[PDB]
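Visitor: My file is protein_38.cif. It has mmCIF, C-alpha atoms:
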data_my_file
#
loop_
_atom_site.group_PDB
_atom_site.id
_atom_site.type_symbol
_atom_site.label_atom_id
_atom_site.label_comp_id
_atom_site.auth_asym_id
_atom_site.auth_seq_id
_atom_site.Cartn_x
_atom_site.Cartn_y
_atom_site.Cartn_z
ATOM 1 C CA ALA K 2 -30.158 -5.364 0.729
ATOM 2 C CA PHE K 3 -28.170 -7.096 -2.036
ATOM 3 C CA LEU K 4 -27.148 -10.760 -2.418
ATOM 4 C CA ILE K 5 -24.377 -11.951 -4.743
ATOM 5 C CA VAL K 6 -24.449 -15.612 -5.700
ATOM 6 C CA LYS K 7 -22.007 -17.957 -7.391
ATOM 7 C CA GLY K 8 -22.464 -21.637 -8.227
ATOM 8 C CA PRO K 9 -20.550 -24.429 -6.481
ATOM 9 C CA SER K 10 -16.910 -24.805 -7.457
ATOM 10 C CA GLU K 11 -14.184 -27.442 -7.096
ATOM 11 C CA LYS K 12 -12.400 -24.790 -4.999
ATOM 12 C CA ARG K 37 -16.869 -15.238 7.069
ATOM 13 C CA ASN K 38 -18.003 -12.175 5.051
ATOM 14 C CA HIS K 39 -14.345 -11.144 4.544
ATOM 15 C CA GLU K 40 -13.253 -14.584 3.281
ATOM 16 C CA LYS K 41 -16.478 -14.912 1.312
ATOM 17 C CA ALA K 42 -15.974 -11.543 -0.360
ATOM 18 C CA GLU K 43 -12.445 -12.578 -1.364
ATOM 19 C CA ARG K 44 -13.828 -15.723 -3.061
ATOM 20 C CA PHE K 45 -16.161 -13.530 -5.137
ATOM 21 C CA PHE K 46 -13.283 -11.130 -5.878
ATOM 22 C CA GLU K 47 -11.191 -14.035 -7.189
ATOM 23 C CA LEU K 48 -14.116 -15.266 -9.238
ATOM 24 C CA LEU K 49 -14.735 -12.030 -11.111
ATOM 25 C CA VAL K 50 -10.982 -11.728 -11.640
ATOM 26 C CA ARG K 51 -10.705 -15.180 -13.258
ATOM 27 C CA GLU K 52 -13.964 -15.100 -15.195
ATOM 28 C CA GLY K 53 -13.618 -11.664 -16.817
ATOM 29 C CA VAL K 54 -17.179 -11.591 -18.153
ATOM 30 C CA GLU K 55 -17.773 -9.243 -21.079
ATOM 31 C CA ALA K 56 -21.391 -8.466 -20.300
ATOM 32 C CA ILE K 57 -23.657 -7.723 -17.387
ATOM 33 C CA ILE K 58 -27.395 -8.299 -17.763
ATOM 34 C CA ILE K 59 -29.664 -5.883 -15.932
ATOM 35 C CA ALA K 60 -33.259 -7.105 -15.560
ATOM 36 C CA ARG K 61 -36.131 -6.664 -13.095
ATOM 37 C CA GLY K 62 -35.981 -10.285 -11.971
ATOM 38 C CA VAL K 63 -39.624 -11.364 -11.976
ATOM 39 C CA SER K 64 -40.178 -12.370 -15.602
ATOM 40 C CA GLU K 65 -37.962 -15.242 -16.739
ATOM 41 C CA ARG K 66 -38.818 -14.368 -20.339
ATOM 42 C CA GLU K 67 -37.053 -11.012 -19.967
ATOM 43 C CA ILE K 68 -33.926 -12.636 -18.539
ATOM 44 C CA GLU K 69 -34.122 -15.252 -21.300
ATOM 45 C CA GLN K 70 -34.127 -12.597 -24.029
ATOM 46 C CA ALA K 71 -31.162 -10.717 -22.565
ATOM 47 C CA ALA K 72 -29.157 -13.913 -22.040
ATOM 48 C CA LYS K 73 -29.591 -14.922 -25.682
ATOM 49 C CA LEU K 74 -28.472 -11.455 -26.804
ATOM 50 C CA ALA K 75 -25.257 -12.100 -24.851
ATOM 51 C CA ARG K 76 -24.430 -15.562 -26.152
ATOM 52 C CA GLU K 77 -25.046 -14.089 -29.611
ATOM 53 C CA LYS K 78 -22.080 -11.825 -28.882
ATOM 54 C CA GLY K 79 -20.012 -14.631 -27.377
ATOM 55 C CA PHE K 80 -20.100 -12.799 -24.053
ATOM 56 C CA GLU K 81 -19.916 -14.489 -20.673
ATOM 57 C CA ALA K 82 -22.290 -12.748 -18.316
ATOM 58 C CA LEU K 83 -23.165 -11.681 -14.838
ATOM 59 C CA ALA K 84 -26.873 -11.138 -14.081
ATOM 60 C CA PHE K 85 -28.164 -8.214 -12.047
ATOM 61 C CA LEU K 86 -31.782 -8.500 -10.892
ATOM 62 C CA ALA K 87 -32.818 -5.006 -9.758
ATOM 63 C CA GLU K 88 -36.346 -5.645 -8.454
ATOM 64 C CA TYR K 89 -36.127 -9.251 -7.247
ATOM 65 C CA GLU K 90 -39.074 -10.713 -5.289
ATOM 66 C CA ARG K 91 -38.521 -13.843 -3.186
ATOM 67 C CA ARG K 92 -42.037 -15.245 -3.676
ATOM 68 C CA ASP K 93 -42.129 -18.833 -2.490
ATOM 69 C CA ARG K 94 -39.142 -20.003 -4.514
ATOM 70 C CA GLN K 95 -36.460 -19.747 -1.814
ATOM 71 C CA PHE K 96 -34.038 -18.691 -4.587
ATOM 72 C CA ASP K 97 -34.609 -21.846 -6.649
ATOM 73 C CA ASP K 98 -35.245 -19.559 -9.590
ATOM 74 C CA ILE K 99 -31.681 -18.175 -9.189
ATOM 75 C CA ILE K 100 -30.303 -21.717 -9.290
ATOM 76 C CA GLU K 101 -32.311 -22.424 -12.448
ATOM 77 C CA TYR K 102 -30.755 -19.324 -14.079
ATOM 78 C CA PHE K 103 -27.262 -20.716 -13.453
ATOM 79 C CA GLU K 104 -28.308 -24.011 -15.032
ATOM 80 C CA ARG K 105 -30.193 -22.641 -18.031
ATOM 81 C CA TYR K 106 -27.979 -19.676 -18.936
ATOM 82 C CA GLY K 107 -24.560 -20.290 -17.379
ATOM 83 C CA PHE K 108 -24.246 -16.926 -15.648
ATOM 84 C CA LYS K 109 -20.940 -16.623 -13.804
ATOM 85 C CA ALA K 110 -22.640 -14.805 -10.939
ATOM 86 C CA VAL K 111 -26.024 -13.374 -10.044
ATOM 87 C CA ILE K 112 -26.724 -10.268 -8.059
ATOM 88 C CA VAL K 113 -30.221 -9.719 -6.679
ATOM 89 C CA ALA K 114 -31.431 -6.474 -5.206
ATOM 90 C CA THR K 115 -34.087 -7.208 -2.551
ATOM 91 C CA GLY K 116 -36.544 -5.467 -0.254
ATOM 92 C CA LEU K 117 -35.044 -7.332 2.710
ATOM 93 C CA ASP K 118 -32.539 -6.026 5.240
ATOM 94 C CA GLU K 119 -29.156 -7.774 5.471
ATOM 95 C CA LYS K 120 -29.915 -10.070 8.432
ATOM 96 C CA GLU K 121 -33.156 -11.424 6.912
ATOM 97 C CA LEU K 122 -31.446 -11.761 3.536
ATOM 98 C CA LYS K 123 -28.562 -13.775 4.984
ATOM 99 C CA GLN K 124 -31.223 -15.843 6.745
ATOM 100 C CA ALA K 125 -33.311 -16.417 3.615
ATOM 101 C CA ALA K 126 -30.144 -17.188 1.661
ATOM 102 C CA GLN K 127 -29.293 -20.169 3.892
ATOM 103 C CA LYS K 128 -31.543 -22.330 1.712
ATOM 104 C CA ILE K 129 -29.466 -21.782 -1.454
ATOM 105 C CA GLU K 130 -26.236 -22.255 0.506
ATOM 106 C CA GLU K 131 -27.603 -25.622 1.618
ATOM 107 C CA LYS K 132 -27.392 -26.623 -2.055
ATOM 108 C CA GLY K 133 -23.724 -25.653 -2.502
ATOM 109 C CA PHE K 134 -24.204 -22.217 -4.023
ATOM 110 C CA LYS K 135 -22.188 -19.529 -2.255
ATOM 111 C CA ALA K 136 -24.122 -16.388 -1.381
ATOM 112 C CA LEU K 137 -23.008 -13.103 0.113
ATOM 113 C CA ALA K 138 -25.352 -10.450 1.469
ATOM 114 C CA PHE K 139 -24.552 -6.718 1.711
ATOM 115 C CA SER K 140 -26.668 -3.691 2.715
ATOM 116 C CA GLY K 141 -28.457 -1.411 0.285
ATOM 117 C CA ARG K 142 -31.400 -0.475 -1.883
ATOM 118 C CA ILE K 143 -31.552 -0.377 -5.686
ATOM 119 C CA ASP K 144 -32.360 3.374 -5.745
ATOM 120 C CA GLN K 145 -29.645 4.433 -3.279
ATOM 121 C CA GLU K 146 -25.953 5.249 -3.780
ATOM 122 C CA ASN K 147 -24.180 1.928 -3.227
ATOM 123 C CA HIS K 148 -20.417 1.712 -2.927
ATOM 124 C CA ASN K 149 -20.391 -2.110 -2.949
ATOM 125 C CA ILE K 150 -22.273 -2.164 -6.274
ATOM 126 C CA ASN K 151 -19.691 0.390 -7.535
ATOM 127 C CA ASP K 152 -16.884 -1.979 -6.394
ATOM 128 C CA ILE K 153 -18.453 -4.790 -8.402
ATOM 129 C CA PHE K 154 -18.961 -2.807 -11.629
ATOM 130 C CA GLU K 155 -15.487 -1.292 -11.354
ATOM 131 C CA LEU K 156 -13.782 -4.673 -10.867
ATOM 132 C CA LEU K 157 -15.822 -6.063 -13.785
ATOM 133 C CA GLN K 158 -14.575 -3.091 -15.827
ATOM 134 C CA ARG K 159 -10.983 -3.688 -14.753
ATOM 135 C CA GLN K 160 -11.242 -7.332 -15.853
ATOM 136 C CA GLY K 161 -12.748 -6.721 -19.294
ATOM 137 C CA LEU K 162 -16.461 -5.849 -19.121
ATOM 138 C CA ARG K 163 -17.559 -4.548 -22.506
ATOM 139 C CA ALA K 164 -21.315 -4.197 -22.379
ATOM 140 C CA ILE K 165 -24.406 -3.669 -20.288
ATOM 141 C CA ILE K 166 -27.412 -5.550 -21.640
ATOM 142 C CA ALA K 167 -30.657 -3.880 -20.598
ATOM 143 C CA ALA K 168 -33.427 -6.477 -20.687
ATOM 144 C CA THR K 169 -36.916 -5.438 -21.701
ATOM 145 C CA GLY K 170 -39.147 -3.956 -19.014
ATOM 146 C CA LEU K 171 -36.685 -2.093 -16.790
ATOM 147 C CA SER K 172 -37.872 0.882 -14.764
ATOM 148 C CA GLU K 173 -36.673 4.314 -15.867
ATOM 149 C CA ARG K 174 -34.574 4.429 -12.725
ATOM 150 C CA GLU K 175 -32.549 1.356 -13.745
ATOM 151 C CA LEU K 176 -32.444 2.409 -17.386
ATOM 152 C CA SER K 177 -31.045 5.760 -16.355
ATOM 153 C CA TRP K 178 -28.615 4.191 -13.905
ATOM 154 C CA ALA K 179 -27.441 1.794 -16.613
ATOM 155 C CA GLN K 180 -26.711 4.648 -19.029
ATOM 156 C CA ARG K 181 -24.687 6.464 -16.389
ATOM 157 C CA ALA K 182 -22.836 3.224 -15.660
ATOM 158 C CA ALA K 183 -22.040 2.739 -19.339
ATOM 159 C CA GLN K 184 -20.734 6.284 -19.436
ATOM 160 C CA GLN K 185 -18.726 5.865 -16.245
ATOM 161 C CA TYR K 186 -16.996 2.593 -17.118
ATOM 162 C CA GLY K 187 -16.832 3.146 -20.876
ATOM 163 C CA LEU K 188 -19.216 0.335 -21.808
ATOM 164 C CA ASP K 189 -21.476 -0.341 -24.783
ATOM 165 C CA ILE K 190 -25.117 -0.388 -23.743
ATOM 166 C CA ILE K 191 -27.488 -2.769 -25.538
ATOM 167 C CA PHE K 192 -31.300 -2.812 -25.451
ATOM 168 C CA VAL S 2 -1.893 -4.720 5.385
ATOM 169 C CA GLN S 3 0.769 -2.165 6.388
ATOM 170 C CA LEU S 4 0.340 1.583 5.809
ATOM 171 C CA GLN S 5 2.621 4.589 6.210
ATOM 172 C CA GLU S 6 1.828 8.272 5.741
ATOM 173 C CA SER S 7 4.194 11.054 4.837
ATOM 174 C CA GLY S 8 4.058 14.688 3.723
ATOM 175 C CA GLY S 9 2.528 16.390 6.746
ATOM 176 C CA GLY S 10 3.809 19.609 8.271
ATOM 177 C CA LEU S 11 3.254 23.328 8.673
ATOM 178 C CA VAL S 12 1.592 25.441 6.000
ATOM 179 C CA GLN S 13 -0.010 28.892 5.707
ATOM 180 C CA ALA S 14 -3.706 29.424 4.975
ATOM 181 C CA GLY S 15 -4.280 29.277 1.225
ATOM 182 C CA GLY S 16 -1.142 27.177 0.977
ATOM 183 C CA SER S 17 -0.899 23.684 -0.510
ATOM 184 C CA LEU S 18 0.368 20.405 0.858
ATOM 185 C CA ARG S 19 0.544 16.894 -0.580
ATOM 186 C CA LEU S 20 0.065 13.785 1.506
ATOM 187 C CA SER S 21 1.345 10.288 0.628
ATOM 188 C CA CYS S 22 0.442 6.911 1.982
ATOM 189 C CA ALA S 23 2.408 3.797 1.015
ATOM 190 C CA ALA S 24 0.398 0.569 1.312
ATOM 191 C CA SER S 25 1.466 -3.074 1.429
ATOM 192 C CA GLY S 26 -1.051 -5.851 0.898
ATOM 193 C CA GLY S 27 -2.988 -7.057 -2.088
ATOM 194 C CA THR S 28 -5.595 -5.507 -4.326
ATOM 195 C CA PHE S 29 -8.505 -7.118 -2.435
ATOM 196 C CA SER S 30 -7.413 -5.823 0.967
ATOM 197 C CA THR S 31 -6.524 -2.306 -0.263
ATOM 198 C CA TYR S 32 -9.215 -2.009 -2.953
ATOM 199 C CA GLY S 33 -10.429 1.207 -1.322
ATOM 200 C CA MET S 34 -8.001 3.683 0.203
ATOM 201 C CA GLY S 35 -9.107 6.623 2.304
ATOM 202 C CA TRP S 36 -7.939 9.649 4.219
ATOM 203 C CA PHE S 37 -9.422 10.531 7.628
ATOM 204 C CA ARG S 38 -8.450 13.323 10.031
ATOM 205 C CA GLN S 39 -8.708 14.119 13.751
ATOM 206 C CA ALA S 40 -8.363 17.430 15.607
ATOM 207 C CA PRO S 41 -8.026 17.638 19.425
ATOM 208 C CA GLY S 42 -11.275 16.923 21.246
ATOM 209 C CA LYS S 43 -12.954 15.939 17.979
ATOM 210 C CA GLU S 44 -13.833 12.597 16.362
ATOM 211 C CA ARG S 45 -11.814 11.115 13.514
ATOM 212 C CA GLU S 46 -13.740 12.134 10.392
ATOM 213 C CA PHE S 47 -13.824 11.210 6.709
ATOM 214 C CA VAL S 48 -11.834 13.333 4.249
ATOM 215 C CA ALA S 49 -11.427 11.576 0.867
ATOM 216 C CA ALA S 50 -11.327 8.055 -0.562
ATOM 217 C CA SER S 51 -10.681 6.311 -3.861
ATOM 218 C CA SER S 52 -11.461 2.925 -5.359
ATOM 219 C CA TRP S 53 -8.689 0.904 -7.014
ATOM 220 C CA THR S 54 -9.183 2.220 -10.536
ATOM 221 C CA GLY S 55 -10.104 5.728 -9.382
ATOM 222 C CA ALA S 56 -13.397 5.486 -11.290
ATOM 223 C CA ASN S 57 -15.088 6.092 -7.922
ATOM 224 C CA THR S 58 -13.822 8.814 -5.612
ATOM 225 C CA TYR S 59 -15.567 10.243 -2.565
ATOM 226 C CA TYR S 60 -15.116 13.527 -0.715
ATOM 227 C CA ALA S 61 -16.245 15.171 2.479
ATOM 228 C CA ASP S 62 -18.435 18.143 1.594
ATOM 229 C CA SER S 63 -16.106 20.401 3.627
ATOM 230 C CA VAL S 64 -13.266 19.459 1.388
ATOM 231 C CA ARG S 65 -14.362 18.886 -2.216
ATOM 232 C CA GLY S 66 -12.962 21.264 -4.810
ATOM 233 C CA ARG S 67 -9.990 21.938 -2.524
ATOM 234 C CA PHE S 68 -8.676 18.397 -2.009
ATOM 235 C CA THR S 69 -7.944 15.781 -4.677
ATOM 236 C CA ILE S 70 -7.203 12.102 -4.074
ATOM 237 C CA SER S 71 -5.241 9.907 -6.504
ATOM 238 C CA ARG S 72 -3.464 6.561 -6.588
ATOM 239 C CA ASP S 73 -0.398 4.979 -8.077
ATOM 240 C CA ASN S 74 -1.261 1.288 -7.958
ATOM 241 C CA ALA S 75 2.163 0.136 -9.203
ATOM 242 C CA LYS S 76 3.571 1.518 -5.956
ATOM 243 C CA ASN S 77 0.276 0.928 -4.112
ATOM 244 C CA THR S 78 0.537 4.534 -2.966
ATOM 245 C CA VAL S 79 -2.319 6.965 -2.442
ATOM 246 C CA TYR S 80 -1.911 10.755 -2.502
ATOM 247 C CA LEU S 81 -4.003 13.618 -1.138
ATOM 248 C CA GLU S 82 -3.442 16.903 -2.911
ATOM 249 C CA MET S 83 -4.578 19.651 -0.550
ATOM 250 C CA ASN S 84 -5.021 23.146 -1.960
ATOM 251 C CA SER S 85 -6.514 26.339 -0.562
ATOM 252 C CA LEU S 86 -5.831 25.061 2.937
ATOM 253 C CA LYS S 87 -7.849 26.559 5.762
ATOM 254 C CA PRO S 88 -6.910 26.686 9.454
ATOM 255 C CA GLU S 89 -9.907 24.453 10.198
ATOM 256 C CA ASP S 90 -8.033 21.800 8.194
ATOM 257 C CA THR S 91 -5.551 21.457 11.056
ATOM 258 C CA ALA S 92 -5.514 17.828 12.215
ATOM 259 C CA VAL S 93 -3.658 14.545 12.226
ATOM 260 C CA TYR S 94 -4.398 12.846 8.897
ATOM 261 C CA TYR S 95 -4.674 9.083 8.731
ATOM 262 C CA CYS S 96 -4.737 6.883 5.667
ATOM 263 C CA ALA S 97 -6.790 3.700 5.821
ATOM 264 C CA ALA S 98 -7.512 0.595 3.766
ATOM 265 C CA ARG S 99 -10.957 -0.805 2.974
ATOM 266 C CA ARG S 100 -11.322 -4.267 1.455
ATOM 267 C CA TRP S 101 -13.254 -4.810 -1.769
ATOM 268 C CA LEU S 102 -17.033 -4.933 -1.107
ATOM 269 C CA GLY S 103 -16.371 -3.498 2.369
ATOM 270 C CA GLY S 104 -19.436 -1.178 2.347
ATOM 271 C CA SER S 105 -19.676 2.625 2.498
ATOM 272 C CA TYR S 106 -16.349 4.420 1.883
ATOM 273 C CA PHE S 107 -17.555 7.193 4.235
ATOM 274 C CA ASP S 108 -17.628 4.977 7.331
ATOM 275 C CA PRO S 109 -14.356 4.583 9.260
ATOM 276 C CA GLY S 110 -15.656 1.315 10.720
ATOM 277 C CA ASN S 111 -15.430 -0.183 7.209
ATOM 278 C CA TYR S 112 -11.648 0.295 7.107
ATOM 279 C CA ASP S 113 -9.808 -2.627 8.675
ATOM 280 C CA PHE S 114 -6.307 -1.172 8.505
ATOM 281 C CA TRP S 115 -4.942 2.202 9.527
ATOM 282 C CA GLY S 116 -1.779 4.244 9.198
ATOM 283 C CA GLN S 117 -0.026 6.040 12.035
ATOM 284 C CA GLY S 118 -1.152 9.561 11.095
ATOM 285 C CA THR S 119 0.674 12.671 9.851
ATOM 286 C CA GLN S 120 0.259 16.058 11.532
ATOM 287 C CA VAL S 121 -1.080 18.825 9.301
ATOM 288 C CA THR S 122 -0.998 22.300 10.808
ATOM 289 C CA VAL S 123 -2.488 25.368 9.171
ATOM 290 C CA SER S 124 -1.713 28.660 10.914
#
For the file at hand, write its structure as structure tokens.
Guide:
Amino acid sequence: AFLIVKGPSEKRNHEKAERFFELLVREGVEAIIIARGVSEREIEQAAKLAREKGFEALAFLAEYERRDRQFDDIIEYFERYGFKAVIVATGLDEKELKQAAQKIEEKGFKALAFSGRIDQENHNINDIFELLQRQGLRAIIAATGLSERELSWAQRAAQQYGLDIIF
Amino acid sequence: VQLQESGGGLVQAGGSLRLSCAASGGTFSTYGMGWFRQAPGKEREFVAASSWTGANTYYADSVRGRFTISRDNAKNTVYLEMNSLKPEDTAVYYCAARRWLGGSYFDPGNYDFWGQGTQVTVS
């Protein structure tokens, strides 16, 4: 299942989804980073290549592994790179994901879980990319090391939403 | 959210018919708009659905090629253009609203708001 995360703001699933809707609407990021989610180096490279373009970014981690970090590595990404939101695709089902996510919510970060697998047709992921597109998304930044599945999906996404795709 | 269908009626096989559904409510609550249909004795089933921008549209296999969904967001109206109508297409057609990030467009349980239905009869 997927988890979308935003940092704490001065400002349940239904209300929570609307808060993320409002966020993407106000932020209007120009880039989305697609990375595997294990190597921080890879995410670091792609983030730099986004600031270099003066693009605000969302991060999409396609093959995220929880390890023993309890999502502390996602929090560190907010701090170090200033991503407006982070999406992680996990091997967990929704109920376990919502459960595991409780730890990051304890720190003020808002997190919303929805069902799905990275390889499968996902309408919620389409809703996110579409809304990003509607609000000004310009480019997909493919970090080094992506699987051919994600690379191919990214190219189709660039074609669908009329985006530049950067490697 | 408030929804209201129009455009239903009687048509001959091979004939065309255009459905309209006027929606009130915001972009979040009506991000996805869909058409479902129900014949007597049968379950309400998915027909066609569109995202807000139309960049994602979904169709029942029984219906693609023949039916085309579209939206006029300025009026928050959704249309279903039905061509090459078949008698098996006879049913009450309902429009429905699915909030942003509401899950699969195919599943009627993901639509929180429903219209009152418009009868479509193909003889």
Visitor: For residue 115 (chain S), which residue among S:92, S:23, S:98, S:83 is the nearest when counting all atoms listed in the file?
Guide: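 The shortest atom-to-atom distance to residue 115 (chain S) comes from S:98.
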Visitor: Taking the file as I've supplied it (selection: the PyMOL selection byres ((chain S) within 6 of (chain K))), which residues are included? Please answer as number ranges by chain.
Guide: S: 102, 104-105
Visitor: Do you know which residues lie at most 9 Å from (-4.5, 5.8, -8.2), with coordinates as in the file and only C-alpha atoms counted, and could you write them as a VMD selection string?
Guide: chain S and resid 51 to 55 70 to 75 77 to 80
Visitor: Can you pull out the residues contacting residue 65 (chain S)? Cut-off 12 Å, using all atoms listed in the file, and skip same-chain residues under 4 positions away; I want them as a ChimeraX atom specification.
Guide: /S:47-50,58-61,69-70,81-86
Visitor: Excluding residue 129 (chain K) and residues on its chain fewer than 5 positions from it, collect all residues at most 10 Å away from it, counting only C-alpha atoms, and give them as a ChimeraX atom specification.
Guide: /K:6,8,95-97,99-100,134-136
Visitor: Can you give me, as a VMD selection string, the residues this file yields under the PyMOL selection byres ((chain S and resi 114) around 8)?
Guide: chain S and resid 2 to 4 97 to 99 112 to 113 115 to 116
Visitor: Name the residues captured by the PyMOL selection byres ((chain S and resi 119) around 6) when it is applied to the shown file; answer as a list in words.
Guide: residues 9, 93, 94, 118 and 120 of chain S
Visitor: Could you jot down the CA of residue 95 (chain S) to CA of residue 6 (chain S) separation for me, Å, one decimal place?
Guide: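 These atoms are spaced 7.2 Å apart.
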Visitor: Please compute the CA of residue 111 (chain S)-CA of residue 181 (chain K) distance, one decimal, in Å.
Guide: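 CA of residue 181 (chain K) lies at a distance of 26.2 Å from CA of residue 111 (chain S).
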Visitor: Could you list, as a PyMOL selection string, every residue within 9 Å of residue 46 (chain S), counting all atoms listed in the file and ignoring same-chain residues fewer than 2 positions away?
Guide: chain S and resi 36-39+43-44+48+61+107-109
Visitor: Grab the CA of residue 164 (chain K) to CA of residue 109 (chain K) distance for me, in Å with one decimal place.
Guide: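 Pair CA of residue 164 (chain K) / CA of residue 109 (chain K) returns 15.1 Å.
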Visitor: Which is closer to residue 182 (chain K) than all the others in K:106, K:120, K:126, K:59, using all atoms listed in the file?
Guide: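 Checking each candidate against residue 182 (chain K), we get K:59 as the closest.
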Visitor: Using all atoms listed in the file, which residue out of K:175, K:189, K:130, K:101 lies closest to residue 85 (chain K)?
Guide: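 Among K:175, K:189, K:130, K:101, it is K:175 that comes nearest to residue 85 (chain K).
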Visitor: Which one is closest to residue 74 (chain K): K:86, K:176, K:41, K:56? Count all atoms listed in the file.
Guide: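 Result for the nearest residue to residue 74 (chain K): K:56.
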Visitor: Between S:124, S:96, S:45, S:21, which is the closest to residue 7 (chain S) once you count all atoms listed in the file?
Guide: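 The shortest atom-to-atom distance to residue 7 (chain S) comes from S:21.
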Visitor: Calculated over all atoms listed in the file, which of the candidates K:143, K:165, K:117, K:48 has the smallest distance to residue 188 (chain K)?
Guide: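 The shortest atom-to-atom distance to residue 188 (chain K) comes from K:165.
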Visitor: Would you kindly return, as a list in words, each protein, DNA or RNA residue with an atom no farther than 7 Å from any atom of region 53-55 of chain K, considering all atoms listed in the file and excluding same-chain residues fewer than 3 positions away?
Guide: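 Neighbouring residues, sequence-local ones excluded: residues 49, 50, 80, 81, 82, 83, 157, 160, 161, 162, 163 and 164 of chain K.
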Visitor: Around (-29.5, -11.9, 7.0) in the file's frame, which residues reach within 10 Å when counting all atoms listed in the file? Return as a list in words?
Guide: residues 2, 4, 117, 118, 119, 120, 121, 122, 123, 124, 125, 126, 127, 137, 138, 139 and 140 of chain K
Visitor: Please, can region 76-90 of chain S be completed to N, CA, C and O atoms and returned as a short mmCIF file (atom, residue, chain, number, x, y, z; two decimals), in the frame of the given file?
Guide:
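Okay, rebuild_37.cif is ready:
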data_model
loop_
_atom_site.label_atom_id
_atom_site.label_comp_id
_atom_site.auth_asym_id
_atom_site.auth_seq_id
_atom_site.Cartn_x
_atom_site.Cartn_y
_atom_site.Cartn_z
N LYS S 76 2.86 1.34 -7.21
CA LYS S 76 3.57 1.52 -5.96
C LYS S 76 2.65 1.28 -4.77
O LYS S 76 3.08 1.40 -3.62
N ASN S 77 1.40 0.93 -5.07
CA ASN S 77 0.28 0.93 -4.11
C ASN S 77 0.41 2.10 -3.14
O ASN S 77 0.54 1.92 -1.93
N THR S 78 0.47 3.30 -3.72
CA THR S 78 0.54 4.53 -2.97
C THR S 78 -0.68 5.39 -3.27
O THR S 78 -1.14 5.46 -4.42
N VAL S 79 -1.20 6.05 -2.25
CA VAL S 79 -2.32 6.96 -2.44
C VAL S 79 -1.86 8.36 -2.03
O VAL S 79 -1.07 8.51 -1.10
N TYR S 80 -2.29 9.37 -2.78
CA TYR S 80 -1.91 10.76 -2.50
C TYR S 80 -3.14 11.60 -2.18
O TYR S 80 -4.22 11.32 -2.67
N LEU S 81 -2.96 12.62 -1.35
CA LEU S 81 -4.00 13.62 -1.14
C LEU S 81 -3.43 14.99 -1.43
O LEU S 81 -2.60 15.49 -0.67
N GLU S 82 -3.87 15.57 -2.53
CA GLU S 82 -3.44 16.90 -2.91
C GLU S 82 -4.36 17.90 -2.23
O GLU S 82 -5.57 17.92 -2.50
N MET S 83 -3.80 18.68 -1.31
CA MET S 83 -4.58 19.65 -0.55
C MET S 83 -4.25 21.08 -0.94
O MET S 83 -3.16 21.57 -0.65
N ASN S 84 -5.20 21.75 -1.58
CA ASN S 84 -5.02 23.15 -1.96
C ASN S 84 -5.94 24.03 -1.15
O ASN S 84 -6.84 23.55 -0.46
N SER S 85 -5.68 25.34 -1.22
CA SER S 85 -6.51 26.34 -0.56
C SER S 85 -6.75 26.00 0.90
O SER S 85 -7.85 26.18 1.42
N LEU S 86 -5.71 25.54 1.57
CA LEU S 86 -5.83 25.06 2.94
C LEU S 86 -6.37 26.14 3.86
O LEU S 86 -6.05 27.33 3.72
N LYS S 87 -7.20 25.70 4.79
CA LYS S 87 -7.85 26.56 5.76
C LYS S 87 -7.34 26.15 7.14
O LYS S 87 -6.95 25.02 7.33
N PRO S 88 -7.35 27.07 8.11
CA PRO S 88 -6.91 26.69 9.45
C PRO S 88 -7.75 25.57 10.07
O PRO S 88 -7.24 24.77 10.85
N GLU S 89 -9.02 25.49 9.68
CA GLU S 89 -9.91 24.45 10.20
C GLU S 89 -9.51 23.07 9.69
O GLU S 89 -10.07 22.07 10.12
N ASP S 90 -8.55 23.04 8.76
CA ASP S 90 -8.03 21.80 8.19
C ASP S 90 -6.93 21.22 9.07
O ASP S 90 -6.42 20.14 8.78
#
